[PDB]
Amino acid sequence: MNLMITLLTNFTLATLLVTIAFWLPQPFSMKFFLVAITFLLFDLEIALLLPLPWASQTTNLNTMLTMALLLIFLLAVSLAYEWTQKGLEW
Amino acid sequence: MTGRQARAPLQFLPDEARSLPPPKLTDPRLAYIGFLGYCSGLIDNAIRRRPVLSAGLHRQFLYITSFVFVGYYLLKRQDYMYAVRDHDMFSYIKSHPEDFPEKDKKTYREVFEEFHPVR
Amino acid sequence: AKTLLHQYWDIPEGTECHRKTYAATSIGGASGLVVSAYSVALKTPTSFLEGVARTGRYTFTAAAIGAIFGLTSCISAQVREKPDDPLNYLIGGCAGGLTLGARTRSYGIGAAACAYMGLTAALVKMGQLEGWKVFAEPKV
Amino acid sequence: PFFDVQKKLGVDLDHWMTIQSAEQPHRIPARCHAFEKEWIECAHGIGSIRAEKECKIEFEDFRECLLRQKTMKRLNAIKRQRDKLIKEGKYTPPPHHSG
Amino acid sequence: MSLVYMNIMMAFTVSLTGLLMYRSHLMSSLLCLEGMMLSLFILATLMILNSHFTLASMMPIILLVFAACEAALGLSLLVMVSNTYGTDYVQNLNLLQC
Amino acid sequence: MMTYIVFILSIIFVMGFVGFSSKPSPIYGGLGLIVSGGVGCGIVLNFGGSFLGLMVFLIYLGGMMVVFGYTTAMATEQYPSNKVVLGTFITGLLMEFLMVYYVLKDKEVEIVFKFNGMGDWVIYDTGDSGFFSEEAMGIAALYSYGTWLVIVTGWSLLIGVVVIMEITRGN
Amino acid sequence: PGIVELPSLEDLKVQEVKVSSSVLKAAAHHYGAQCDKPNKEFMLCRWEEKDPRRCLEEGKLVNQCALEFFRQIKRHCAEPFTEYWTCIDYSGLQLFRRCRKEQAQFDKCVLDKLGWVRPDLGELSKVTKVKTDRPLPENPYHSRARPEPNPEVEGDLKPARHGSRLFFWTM
Amino acid sequence: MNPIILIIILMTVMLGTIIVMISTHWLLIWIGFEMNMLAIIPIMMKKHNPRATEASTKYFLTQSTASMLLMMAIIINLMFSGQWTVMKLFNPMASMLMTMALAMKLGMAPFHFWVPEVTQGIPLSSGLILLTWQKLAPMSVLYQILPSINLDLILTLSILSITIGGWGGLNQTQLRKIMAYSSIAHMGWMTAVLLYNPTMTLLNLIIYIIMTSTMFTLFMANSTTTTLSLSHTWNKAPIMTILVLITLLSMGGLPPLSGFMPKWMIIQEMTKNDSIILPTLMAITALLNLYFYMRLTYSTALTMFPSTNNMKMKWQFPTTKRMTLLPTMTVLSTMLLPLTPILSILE
């Protein structure tokens, strides 16, 4: 809530600044579409990956090595799949 | 109805099913399965426009063999299931003498009924 | 619902009358509200005042069926003085069916509704009287 | 069907996420650990109906550990009686920081 | 009974009615489904936090990644519907009748 | 400015869910869902809630609403509010205020439940000596215990990619 | 249900170790060296029987052992132990790597006038035996006995009585 | 639509159903239903007509809100007695929400408004796989959580499913809507037994899947969508006529034919309780849902509609498809009356 104090002070400062600045003058492409969904899916796999450094110490390091390499290898499989199947082009 | 000693793997037939006698060859159910396989082969020759009662005798023999084999194993499973049902039933009969009393077999010298004649 | 059908079958039948007709109006109004809710959810009569008209029409017809069913059940039970036979609810279901046909203004529909509502009311009477566990033991 | 290749192959893929009182990654407890340990050791080899009619006491004990319903009920009644007597005007209370 | 659970279940029923009754749009319906997803996420996460039930903290993150790819599939279907038409109304789906 | 901060953030959370469940224009719906996600992140962080609540804020308000507003804007606009939306928002606000009032001036509220009416600073843990940040070690599983789980999760993600490209004209 | 029993404040008053956290963290290894032979009776008591209001006597004993240890470190060598904890005090979170000169000074001091060899990394580990006086308990979870075993169905099985005993299909 | 991609997607449908069957944890149940959805969407839209697009849209909205309602019921279950086991639940509200989620998942009569629409605008392979697997997989979950269900839920939905799938169905000349209403009637017939003996439910599932595979195989042998095309398939080949005859009369449930073993054994282990009015009501509605089968048969193979020519040209070219497995499934679906003691194959 101390960061809420910071956030509230900066929001009030910015809001008073903007209200002074405004109250004192004195078709579609499918190629555009696939980038967002491809972002969405790879960002979901990022959310799967990124708790890896909290995990980096455990009793079974080889199981973590195996499943982490399986995660990044599947990410590369999907990327290379849409690379070979001429999807993300223009 | 479920386990019944739920160690219980997928276990299409346990080793305990080798204590009951296996189903005989040319029991009438597997003969009926063989006839159903022969009718399956006849109608398979009838689906495509190849002539019936010819030109598929290896497929006739394959259908009869496959159905008789699968029906043999299913009949062994049927016998196992009925044997374990009767074994559990009689174990529960023996384990509880209270709820299942001896009924007094009163003979018809002293059992009264109504009559209601149809005139 | 369960609480108001229990209110209906709480009364000795027998006669503790117009409690019976009040509970039967409650049954008819609830059933008509069910039917009106589905028939306004799947039809959208365009417009909203006509939707109020359709809901009021269905609820008034179902409540009238319930009310007249309960009244003639009470009257048959008081006259015949026999709380046992289902012929009183047979007369009840036929009166309800004839008033259904009076509301829909078709006489053959009223006759068929007389027949089937009389048979089903007698069956519900005999199910409560002899005792028939509907839907469930659920044991074996 | 409830197939048990889960048990046949001998792979513990789904028996660690499942219940409390398992082996946590660091060997740490749960909040209501011993309540479930006693409840499970009550209802282990029991056919899930006389488990209801016999292991009910420890089950209600575990539930009132989990949600803490009746204890918050007691705390709420304490605070409401505190409010009505402090509105009545008896002993502006020094139990906090003193006696 | 942890009073915040009451208002979060209330918010779940609010988002459920917003999913079910909806007019002339599909993006708003899918966005209310996303809100219902957020409701399930928050409710399960407050439960797992207050119960110290540490090994099954995978429910919120896996719930949300799977229902997020559900939302991605729904967006692709909405784009296909708006591709075979001009707009994406609940109207103009009146063909393929019951 | 008092103790009931989890309750207050839950009230503004329900405010936001009603504010976009009254069916506005979908970009206003996305704005309302952004406000709701921010205050729900505040709720889960006030239970603490260190890792996962801000983790999902990268995804839910970092990787979802962008694509939502994206496909909202590029598909259709329908530039014109309407009285039915304002009426539904008033009914939602009235349900909110009635639930708040019957939590305040009563003991319990029943839908079919018994909610003890007080802001839940209790129940909560009695300050146990962790030194390892319990939920972070929780999410620091899936890799030494999660054998089957991450396999089927990544498998469904790969199938999600191939499904998206097939529906958007595979290959 | 049966009400709880709690000890009153006729017993719950030991003179506390009224030093703060900085010096108590700084004086850790020698506290493990000279004392903390009889604390493992307390800790074994606490881990075997999960009940405080039971092992409080041994809590008094470890509290007086800590107070006697700090009295001994006040009487003997030295005075720059004050310098050592006020050197580890202002270093934010207490790293043992910042103020190491005075750790060497303190170790030379304690080897001169008290002995007290510093425990090697990581010798404050290595699971330990201890003899006791109280007995090891049965049923520490104060619960009832086990209700019923299930009568196990065993023995060989006969072929079934007349096959199926369905409508027909006899054998 | 490469064959590698189709093998992958069908393998994921298989994997979703296996993860539904095999796990003792609720997260994999939800993941199995969800992966089954995500994989079964591109079996639809194998063509590119807007029919398949709108059908996949309707199916996605109903299927996804059923999945979210399922997750709500599971999170209520962990709000109460807290473990992720697949067993007896601990709230009538949670079991209420879960049975309504599975009811939307496999079709009941307040919920069936997606089924004939989604079966209308898709090809026959997609309809086959969705009917068989999507009505197979949640039956396992109901089989696992059967000891903790309020009875009025299951039984009201089952009675209403049988009577609405009967009544809706006497007014469709399309084939796929007839088969969808028949699916709704058989979901009701399986669900009404589930609290009494679930062996009947799993055996009825096996029988209905074999019957539906025979039906859709006899429509895959000759591309038909209306009954007029069925009369032209009378004219082109005679064996398709008699097999449509026998499989329609076995969908009807007539005693010497093998569609009577599901109904009558259900009658047996329903009436070994004291429920009698419910069996006679269900079986009179089973008399009711045979009429559209019978007018289908009168269109196909008993009367003979006059056929357009170019069948004169079609006679030179024999029906050179491959069938999935037509004759084995036909004789196993129709000639399996006297093997009723293969009931006990299942425990």
# chains A, B, ... in the order shown; residues from 1 in each chain; ligands from 1
>>> interface_residues(of="chain A", to="chain F", cutoff="8 Å", atoms="only C-alpha atoms", output="JSON, numbers by chain")
{"A": [27, 28, 30, 33, 36, 37, 38, 39, 40, 41, 43, 44, 45, 47, 51, 52, 54, 55, 56, 58, 59, 60, 61, 63, 64, 67, 68, 71, 74, 75, 78, 82, 85, 86, 87]}
>>> residues_around(residues="range 12-25 of chain B", least_positions_apart="2", cutoff="7 Å", atoms="only C-alpha atoms", output="JSON, numbers by chain")
{"B": [10, 27, 76, 77, 80], "G": [157, 158, 159]}
>>> write_last_selection(atoms="N, CA, C and O atoms", output="PDB file, in the first residue's frame")
ATOM      1  N   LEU B  10      -5.953 -53.422 -14.838  1.00  0.00           N
ATOM      2  CA  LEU B  10      -6.905 -53.451 -15.948  1.00  0.00           C
ATOM      3  C   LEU B  10      -7.339 -54.881 -16.266  1.00  0.00           C
ATOM      4  O   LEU B  10      -8.537 -55.142 -16.426  1.00  0.00           O
ATOM      5  N   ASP B  27     -18.581 -75.587 -27.900  1.00  0.00           N
ATOM      6  CA  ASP B  27     -19.711 -75.073 -27.148  1.00  0.00           C
ATOM      7  C   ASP B  27     -20.600 -74.269 -28.095  1.00  0.00           C
ATOM      8  O   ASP B  27     -20.098 -73.665 -29.049  1.00  0.00           O
ATOM      9  N   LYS B  76     -14.371 -66.691 -21.649  1.00  0.00           N
ATOM     10  CA  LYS B  76     -13.587 -66.946 -20.445  1.00  0.00           C
ATOM     11  C   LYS B  76     -13.771 -65.826 -19.421  1.00  0.00           C
ATOM     12  O   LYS B  76     -13.889 -66.087 -18.213  1.00  0.00           O
ATOM     13  N   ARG B  77     -13.870 -64.578 -19.898  1.00  0.00           N
ATOM     14  CA  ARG B  77     -14.146 -63.456 -18.998  1.00  0.00           C
ATOM     15  C   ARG B  77     -15.538 -63.549 -18.367  1.00  0.00           C
ATOM     16  O   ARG B  77     -15.700 -63.258 -17.172  1.00  0.00           O
ATOM     17  N   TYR B  80     -15.435 -66.109 -15.600  1.00  0.00           N
ATOM     18  CA  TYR B  80     -14.771 -65.550 -14.423  1.00  0.00           C
ATOM     19  C   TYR B  80     -15.684 -64.618 -13.642  1.00  0.00           C
ATOM     20  O   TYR B  80     -15.714 -64.660 -12.403  1.00  0.00           O
TER      21      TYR B  80
ATOM     22  N   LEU G 157     -12.274 -70.565  -6.011  1.00  0.00           N
ATOM     23  CA  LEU G 157     -13.609 -70.324  -6.531  1.00  0.00           C
ATOM     24  C   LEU G 157     -14.045 -71.481  -7.417  1.00  0.00           C
ATOM     25  O   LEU G 157     -13.251 -72.015  -8.196  1.00  0.00           O
ATOM     26  N   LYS G 158     -15.307 -71.859  -7.281  1.00  0.00           N
ATOM     27  CA  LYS G 158     -15.988 -72.920  -8.003  1.00  0.00           C
ATOM     28  C   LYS G 158     -16.588 -72.372  -9.290  1.00  0.00           C
ATOM     29  O   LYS G 158     -16.763 -71.158  -9.429  1.00  0.00           O
ATOM     30  N   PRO G 159     -16.884 -73.229 -10.272  1.00  0.00           N
ATOM     31  CA  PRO G 159     -17.687 -72.770 -11.410  1.00  0.00           C
ATOM     32  C   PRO G 159     -19.082 -72.381 -10.956  1.00  0.00           C
ATOM     33  O   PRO G 159     -19.610 -72.914  -9.978  1.00  0.00           O
TER      34      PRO G 159
END
>>> interface_residues(of="chain E", to="chain F", cutoff="8 Å", atoms="only C-alpha atoms", output="PyMOL selection string")
chain E and resi 1-4+6-8+10-11+14-15+17-19+22-23+27-28+31-32+35+38+42+45-46+49-50+52+54-58+61-62+66+68-69+73+75-77+79-80+82+87-88
>>> atom_distance(atom1="CA of residue 44 in chain H", atom2="CA of residue 56 in chain H")
6.6 Å
>>> select_by_dssp(residues="chain E", states="helix (DSSP H, G or I)", output="number ranges by chain")
E: 4-20, 27-50, 58-83
>>> interface_residues(of="chain G", to="chain H", cutoff="12 Å", atoms="only C-alpha atoms", output="mmCIF file with N, CA, C and O atoms, in the first residue's frame")
data_model
loop_
_atom_site.group_PDB
_atom_site.id
_atom_site.type_symbol
_atom_site.label_atom_id
_atom_site.label_comp_id
_atom_site.auth_asym_id
_atom_site.auth_seq_id
_atom_site.Cartn_x
_atom_site.Cartn_y
_atom_site.Cartn_z
ATOM 1 N N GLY G 163 -24.573 -71.317 -14.448
ATOM 2 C CA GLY G 163 -24.190 -70.336 -15.439
ATOM 3 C C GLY G 163 -24.520 -68.909 -15.066
ATOM 4 O O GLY G 163 -23.870 -68.319 -14.200
ATOM 5 N N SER G 164 -25.527 -68.339 -15.719
ATOM 6 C CA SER G 164 -25.793 -66.914 -15.593
ATOM 7 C C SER G 164 -26.864 -66.586 -14.570
ATOM 8 O O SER G 164 -26.781 -65.530 -13.930
ATOM 9 N N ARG G 165 -27.867 -67.462 -14.435
ATOM 10 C CA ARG G 165 -29.078 -67.241 -13.634
ATOM 11 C C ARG G 165 -29.789 -65.958 -14.040
ATOM 12 O O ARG G 165 -30.372 -65.250 -13.218
ATOM 13 N N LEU G 166 -29.740 -65.666 -15.326
ATOM 14 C CA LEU G 166 -30.506 -64.601 -15.946
ATOM 15 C C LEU G 166 -31.841 -65.225 -16.370
ATOM 16 O O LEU G 166 -32.237 -66.250 -15.807
ATOM 17 N N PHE G 167 -32.585 -64.580 -17.273
ATOM 18 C CA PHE G 167 -33.889 -65.083 -17.709
ATOM 19 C C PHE G 167 -33.786 -66.490 -18.286
ATOM 20 O O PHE G 167 -34.479 -67.411 -17.842
ATOM 21 N N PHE G 168 -32.889 -66.677 -19.241
ATOM 22 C CA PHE G 168 -32.510 -67.981 -19.763
ATOM 23 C C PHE G 168 -31.045 -67.850 -20.143
ATOM 24 O O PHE G 168 -30.340 -67.092 -19.468
ATOM 25 N N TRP G 169 -30.578 -68.632 -21.128
ATOM 26 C CA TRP G 169 -29.156 -68.859 -21.450
ATOM 27 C C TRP G 169 -28.498 -69.631 -20.313
ATOM 28 O O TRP G 169 -27.456 -69.242 -19.785
ATOM 29 N N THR G 170 -29.132 -70.739 -19.942
ATOM 30 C CA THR G 170 -28.644 -71.591 -18.869
ATOM 31 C C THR G 170 -27.362 -72.287 -19.303
ATOM 32 O O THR G 170 -27.379 -73.081 -20.250
ATOM 33 N N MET G 171 -26.269 -71.985 -18.596
ATOM 34 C CA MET G 171 -24.901 -72.425 -18.899
ATOM 35 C C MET G 171 -24.498 -72.048 -20.324
ATOM 36 O O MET G 171 -23.953 -70.966 -20.539
#
>>> residues_around(residues="residue 270 in chain H", least_positions_apart="6", cutoff="8 Å", atoms="only C-alpha atoms", output="PDB file with N, CA, C and O atoms, in the first residue's frame")
ATOM      1  N   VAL H 193     -30.295 -44.468 -16.024  1.00  0.00           N
ATOM      2  CA  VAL H 193     -29.964 -45.697 -15.309  1.00  0.00           C
ATOM      3  C   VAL H 193     -28.808 -45.482 -14.342  1.00  0.00           C
ATOM      4  O   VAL H 193     -28.561 -46.336 -13.474  1.00  0.00           O
ATOM      5  N   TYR H 196     -28.415 -46.396 -10.676  1.00  0.00           N
ATOM      6  CA  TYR H 196     -28.960 -47.696 -10.307  1.00  0.00           C
ATOM      7  C   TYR H 196     -27.996 -48.833 -10.616  1.00  0.00           C
ATOM      8  O   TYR H 196     -27.649 -49.607  -9.720  1.00  0.00           O
ATOM      9  N   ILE H 276     -41.609 -48.112 -11.562  1.00  0.00           N
ATOM     10  CA  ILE H 276     -42.365 -48.773 -12.616  1.00  0.00           C
ATOM     11  C   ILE H 276     -42.980 -47.767 -13.584  1.00  0.00           C
ATOM     12  O   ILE H 276     -42.928 -47.959 -14.814  1.00  0.00           O
ATOM     13  N   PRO H 279     -40.124 -46.517 -15.944  1.00  0.00           N
ATOM     14  CA  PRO H 279     -39.900 -47.390 -17.110  1.00  0.00           C
ATOM     15  C   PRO H 279     -41.015 -47.406 -18.130  1.00  0.00           C
ATOM     16  O   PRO H 279     -40.710 -47.422 -19.331  1.00  0.00           O
TER      17      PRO H 279
END
>>> atom_distance(atom1="CA of residue 214 in chain H", atom2="CA of residue 332 in chain H")
9.7 Å
>>> atom_distance(atom1="CA of residue 68 in chain H", atom2="CA of residue 93 in chain H")
15.4 Å
>>> residues_around(residues="residue 1 in chain C", least_positions_apart="3", cutoff="9 Å", atoms="only C-alpha atoms", output="ChimeraX atom specification")
/C:4-6,27,30
>>> residues_around(residues="range 120-132 of chain C", least_positions_apart="4", cutoff="10 Å", atoms="only C-alpha atoms", output="MDAnalysis selection string")
(chainID C and resid 9 69 83:94 115:116 136) or (chainID H and resid 274:277)
>>> interface_residues(of="chain B", to="chain H", cutoff="12 Å", atoms="only C-alpha atoms", output="tab-separated table (two decimals) with N, CA and C atoms, in the first residue's frame")
chain	number	residue	atom	x	y	z
B	1	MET	N	-21.47	-52.00	-9.91
B	1	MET	CA	-20.71	-52.75	-8.92
B	1	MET	C	-19.23	-52.67	-9.26
B	2	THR	N	-18.39	-52.44	-8.24
B	2	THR	CA	-17.01	-52.03	-8.45
B	2	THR	C	-16.13	-52.98	-7.63
B	3	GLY	N	-14.85	-52.65	-7.42
B	3	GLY	CA	-13.96	-53.43	-6.57
B	3	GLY	C	-14.46	-53.54	-5.14
B	4	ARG	N	-14.53	-54.71	-4.48
B	4	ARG	CA	-13.99	-56.07	-4.78
B	4	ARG	C	-12.46	-56.04	-4.96
B	8	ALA	N	-6.40	-54.54	-8.12
B	8	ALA	CA	-7.23	-54.51	-9.32
B	8	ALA	C	-6.67	-53.75	-10.51
B	9	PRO	N	-5.71	-54.30	-11.24
B	9	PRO	CA	-5.29	-53.65	-12.50
B	9	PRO	C	-6.32	-53.81	-13.61
B	10	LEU	N	-5.95	-53.42	-14.84
B	10	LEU	CA	-6.90	-53.45	-15.95
B	10	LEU	C	-7.34	-54.88	-16.27
B	11	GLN	N	-6.37	-55.80	-16.38
B	11	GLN	CA	-6.47	-57.21	-15.97
B	11	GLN	C	-7.66	-57.94	-16.59
B	12	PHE	N	-7.54	-58.21	-17.90
B	12	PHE	CA	-8.62	-58.82	-18.67
B	12	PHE	C	-9.06	-60.17	-18.11
B	13	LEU	N	-8.14	-60.94	-17.53
B	13	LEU	CA	-8.51	-62.11	-16.75
B	13	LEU	C	-7.40	-62.39	-15.74
B	28	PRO	N	-21.92	-74.25	-27.87
B	28	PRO	CA	-22.83	-73.66	-28.87
B	28	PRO	C	-22.67	-72.17	-29.06
B	29	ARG	N	-22.14	-71.45	-28.07
B	29	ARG	CA	-21.97	-70.02	-28.23
B	29	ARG	C	-20.85	-69.68	-29.20
B	30	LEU	N	-19.72	-70.39	-29.12
B	30	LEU	CA	-18.67	-70.13	-30.08
B	30	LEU	C	-19.01	-70.68	-31.46
B	32	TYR	N	-22.09	-70.39	-32.61
B	32	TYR	CA	-22.90	-69.26	-33.06
B	32	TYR	C	-22.04	-68.09	-33.49
B	33	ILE	N	-20.92	-67.88	-32.79
B	33	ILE	CA	-19.97	-66.84	-33.19
B	33	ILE	C	-19.33	-67.18	-34.53
B	34	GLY	N	-19.02	-68.46	-34.76
B	34	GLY	CA	-18.50	-68.87	-36.05
B	34	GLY	C	-19.50	-68.69	-37.18
B	35	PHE	N	-20.78	-68.98	-36.90
B	35	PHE	CA	-21.81	-68.73	-37.90
B	35	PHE	C	-21.98	-67.24	-38.16
B	36	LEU	N	-21.86	-66.42	-37.11
B	36	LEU	CA	-21.95	-64.98	-37.30
B	36	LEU	C	-20.76	-64.46	-38.09
B	37	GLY	N	-19.59	-65.09	-37.93
B	37	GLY	CA	-18.45	-64.71	-38.74
B	37	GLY	C	-18.60	-65.12	-40.19
B	38	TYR	N	-19.22	-66.27	-40.43
B	38	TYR	CA	-19.45	-66.70	-41.80
B	38	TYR	C	-20.49	-65.82	-42.48
B	39	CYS	N	-21.51	-65.39	-41.74
B	39	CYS	CA	-22.47	-64.44	-42.30
B	39	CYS	C	-21.83	-63.07	-42.52
B	40	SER	N	-20.89	-62.69	-41.65
B	40	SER	CA	-20.14	-61.46	-41.86
B	40	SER	C	-19.31	-61.52	-43.13
B	41	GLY	N	-18.68	-62.67	-43.40
B	41	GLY	CA	-17.90	-62.81	-44.61
B	41	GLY	C	-18.75	-62.82	-45.86
B	42	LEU	N	-19.91	-63.48	-45.78
B	42	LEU	CA	-20.87	-63.48	-46.88
B	42	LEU	C	-21.34	-62.07	-47.20
B	43	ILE	N	-21.69	-61.31	-46.17
B	43	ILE	CA	-22.17	-59.96	-46.43
B	43	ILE	C	-21.03	-59.01	-46.79
B	44	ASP	N	-19.78	-59.33	-46.41
B	44	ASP	CA	-18.65	-58.53	-46.86
B	44	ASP	C	-18.38	-58.75	-48.34
B	45	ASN	N	-18.53	-59.99	-48.81
B	45	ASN	CA	-18.53	-60.22	-50.25
B	45	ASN	C	-19.73	-59.58	-50.93
B	46	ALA	N	-20.81	-59.32	-50.19
B	46	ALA	CA	-21.96	-58.65	-50.78
B	46	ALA	C	-21.88	-57.13	-50.80
B	47	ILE	N	-21.06	-56.50	-49.94
B	47	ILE	CA	-20.99	-55.03	-49.92
B	47	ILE	C	-20.36	-54.51	-51.20
B	48	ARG	N	-19.11	-54.87	-51.43
B	48	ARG	CA	-18.55	-54.71	-52.76
B	48	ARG	C	-19.21	-55.71	-53.69
B	49	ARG	N	-19.13	-55.45	-54.99
B	49	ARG	CA	-19.89	-56.25	-55.93
B	49	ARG	C	-19.15	-57.50	-56.39
B	50	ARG	N	-18.22	-58.00	-55.59
B	50	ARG	CA	-17.64	-59.30	-55.85
B	50	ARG	C	-18.69	-60.39	-55.62
B	52	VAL	N	-20.85	-63.47	-54.30
B	52	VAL	CA	-21.02	-64.11	-53.00
B	52	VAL	C	-20.71	-65.60	-53.14
B	60	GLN	N	-13.00	-65.23	-45.66
B	60	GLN	CA	-13.96	-66.02	-44.89
B	60	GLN	C	-13.27	-66.69	-43.71
B	63	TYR	N	-12.17	-64.10	-41.07
B	63	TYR	CA	-13.28	-63.62	-40.25
B	63	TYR	C	-13.71	-64.65	-39.22
B	64	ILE	N	-13.82	-65.92	-39.63
B	64	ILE	CA	-14.20	-66.99	-38.70
B	64	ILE	C	-13.16	-67.13	-37.59
B	66	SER	N	-10.94	-64.83	-36.48
B	66	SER	CA	-10.88	-63.65	-35.62
B	66	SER	C	-12.06	-63.61	-34.65
B	67	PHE	N	-13.28	-63.88	-35.14
B	67	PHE	CA	-14.43	-63.87	-34.25
B	67	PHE	C	-14.39	-65.00	-33.23
B	71	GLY	N	-14.26	-64.17	-29.29
B	71	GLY	CA	-15.36	-64.70	-28.50
B	71	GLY	C	-14.94	-65.74	-27.48
B	72	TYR	N	-13.87	-66.48	-27.77
B	72	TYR	CA	-13.31	-67.41	-26.79
B	72	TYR	C	-12.80	-66.67	-25.56
B	73	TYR	N	-12.04	-65.59	-25.78
B	73	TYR	CA	-11.55	-64.85	-24.63
B	73	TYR	C	-12.67	-64.13	-23.87
B	74	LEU	N	-13.68	-63.63	-24.59
B	74	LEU	CA	-14.80	-63.00	-23.89
B	74	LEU	C	-15.62	-64.00	-23.10
B	75	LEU	N	-15.74	-65.24	-23.59
B	75	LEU	CA	-16.46	-66.26	-22.84
B	75	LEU	C	-15.70	-66.66	-21.58
B	76	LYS	N	-14.37	-66.69	-21.65
B	76	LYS	CA	-13.59	-66.95	-20.44
B	76	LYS	C	-13.77	-65.83	-19.42
B	77	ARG	N	-13.87	-64.58	-19.90
B	77	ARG	CA	-14.15	-63.46	-19.00
B	77	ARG	C	-15.54	-63.55	-18.37
B	78	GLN	N	-16.54	-63.95	-19.16
B	78	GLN	CA	-17.90	-64.17	-18.64
B	78	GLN	C	-17.93	-65.21	-17.53
B	79	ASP	N	-17.24	-66.33	-17.74
B	79	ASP	CA	-17.20	-67.38	-16.72
B	79	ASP	C	-16.51	-66.90	-15.45
B	80	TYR	N	-15.43	-66.11	-15.60
B	80	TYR	CA	-14.77	-65.55	-14.42
B	80	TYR	C	-15.68	-64.62	-13.64
B	81	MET	N	-16.43	-63.77	-14.35
B	81	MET	CA	-17.28	-62.80	-13.67
B	81	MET	C	-18.42	-63.48	-12.92
B	82	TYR	N	-19.03	-64.51	-13.51
B	82	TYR	CA	-20.09	-65.20	-12.80
B	82	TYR	C	-19.56	-66.02	-11.62
B	83	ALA	N	-18.35	-66.58	-11.75
B	83	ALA	CA	-17.78	-67.32	-10.63
B	83	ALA	C	-17.47	-66.40	-9.45
B	84	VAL	N	-16.94	-65.20	-9.72
B	84	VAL	CA	-16.61	-64.32	-8.60
B	84	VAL	C	-17.88	-63.72	-8.00
B	85	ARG	N	-18.95	-63.58	-8.80
B	85	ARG	CA	-20.22	-63.11	-8.26
B	85	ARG	C	-20.82	-64.14	-7.30
>>> residues_around(residues="residue 135 in chain H", least_positions_apart="4", cutoff="8 Å", atoms="only C-alpha atoms", output="list in words")
residues 106, 130, 131, 139 and 187 of chain H
>>> closest_residue(among="D:46, D:75, D:40, D:67", to="chain B", atoms="only C-alpha atoms")
D:46
>>> residues_around(residues="residue 66 in chain G", least_positions_apart="5", cutoff="9 Å", atoms="only C-alpha atoms", output="PyMOL selection string")
chain G and resi 17+31+35-36+61+71
>>> write_last_selection(atoms="N, CA, C and O atoms", output="PDB file, in the first residue's frame")
ATOM      1  N   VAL G  17      15.453 -12.936  26.992  1.00  0.00           N
ATOM      2  CA  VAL G  17      16.696 -12.424  26.435  1.00  0.00           C
ATOM      3  C   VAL G  17      16.395 -11.127  25.695  1.00  0.00           C
ATOM      4  O   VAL G  17      16.021 -11.123  24.516  1.00  0.00           O
ATOM      5  N   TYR G  31      27.016 -19.471  20.035  1.00  0.00           N
ATOM      6  CA  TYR G  31      25.818 -19.931  20.727  1.00  0.00           C
ATOM      7  C   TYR G  31      25.525 -21.384  20.397  1.00  0.00           C
ATOM      8  O   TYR G  31      25.059 -22.140  21.253  1.00  0.00           O
ATOM      9  N   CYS G  35      26.656 -23.535  24.214  1.00  0.00           N
ATOM     10  CA  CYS G  35      25.305 -23.968  24.544  1.00  0.00           C
ATOM     11  C   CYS G  35      24.781 -24.867  23.434  1.00  0.00           C
ATOM     12  O   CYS G  35      25.559 -25.403  22.637  1.00  0.00           O
ATOM     13  N   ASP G  36      23.466 -25.084  23.429  1.00  0.00           N
ATOM     14  CA  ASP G  36      22.734 -25.861  22.428  1.00  0.00           C
ATOM     15  C   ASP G  36      23.135 -27.334  22.407  1.00  0.00           C
ATOM     16  O   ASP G  36      22.946 -28.019  21.399  1.00  0.00           O
ATOM     17  N   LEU G  61      14.616 -23.919  30.199  1.00  0.00           N
ATOM     18  CA  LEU G  61      16.010 -24.335  30.320  1.00  0.00           C
ATOM     19  C   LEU G  61      16.859 -23.787  29.172  1.00  0.00           C
ATOM     20  O   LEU G  61      17.997 -23.353  29.390  1.00  0.00           O
ATOM     21  N   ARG G  71      25.716 -13.901  29.442  1.00  0.00           N
ATOM     22  CA  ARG G  71      26.421 -13.411  30.620  1.00  0.00           C
ATOM     23  C   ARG G  71      27.893 -13.807  30.585  1.00  0.00           C
ATOM     24  O   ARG G  71      28.763 -13.017  30.972  1.00  0.00           O
TER      25      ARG G  71
END
